[PDB]
Amino acid sequence: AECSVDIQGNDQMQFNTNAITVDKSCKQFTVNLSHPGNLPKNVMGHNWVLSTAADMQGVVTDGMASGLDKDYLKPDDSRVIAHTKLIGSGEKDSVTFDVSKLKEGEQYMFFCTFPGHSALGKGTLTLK
Ligand SMILES: [Cu+2]
Ligand SMILES: [Cu+2]
């Protein structure tokens, strides 16, 4: 099966999908994020961050407090399973992670930690 997905964030706060499926036979998985908007990352930055559902709000809140220079992620945040850099217009970044970090039946969320963005810039990730 395919073990990658292409995700975009633009000059609005929604990703172009709200649900990612990771096939259970995949051993790694890659997310390729890009930003087809015109605004720079300090104004309309997006990252793609994966945590358990339970951990999402903490990661978002602590990430906002960490600021732009930390890509809006608390340093040494063990709650983050995988993530990309924060990108702006014209940029791109990919993350590959081990599917051994995921289990069937567990509830995962992906989201952007740029301030305010998680309200609309979030979705589920499911191993199946
Ligand atoms: Cu964002
Ligand atoms: Cu990191």
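Below, all heavy atoms of this structure are taken into account, side chains as well, without hydrogens, waters or symmetry copies. When a ligand or atom number is given, it counts from 1 through the structure's own listing order. The first residue in the sequence is number 1, and the count goes up from there.
Ring geometry, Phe110 versus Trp48: the interplanar angle falls under 30°, so the pair is classed parallel (tilted spans 30 to 60°). Relative orientation of the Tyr72 and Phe114 rings is perpendicular, given thresholds of 30° and 60° on the angle between their planes.
For the Cu ion (ligand 1), the neighbouring protein N/O/S atoms at less than 2.8 Å, given as residue and atom, are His46 ND1, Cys112 SG, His117 ND1.
Summary: NE2 is the N/O/S atom of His83 found nearest to the Cu ion (ligand 2).
Side chain of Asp98 to main chain of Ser100: no donor-acceptor pair is present (N/O by atom type, distance under 3.5 Å, no hydrogens or angles).
Atoms CD1 and CG, on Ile20 and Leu125 in that order, are 5.5 Å from each other to the nearest 0.5 Å.
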For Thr96 and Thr30, what are the C-alpha separation, side-chain angles and deciding distance, and is it a side-chain hydrogen bond (donor to acceptor under 3.5 Å, both in side chains)? CA-CA 4 Å; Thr96 299; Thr30 301; 2.8 Å; yes
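The two residues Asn38 and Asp11 have their closest heavy-atom pair at N-OD2, 2.6 Å.
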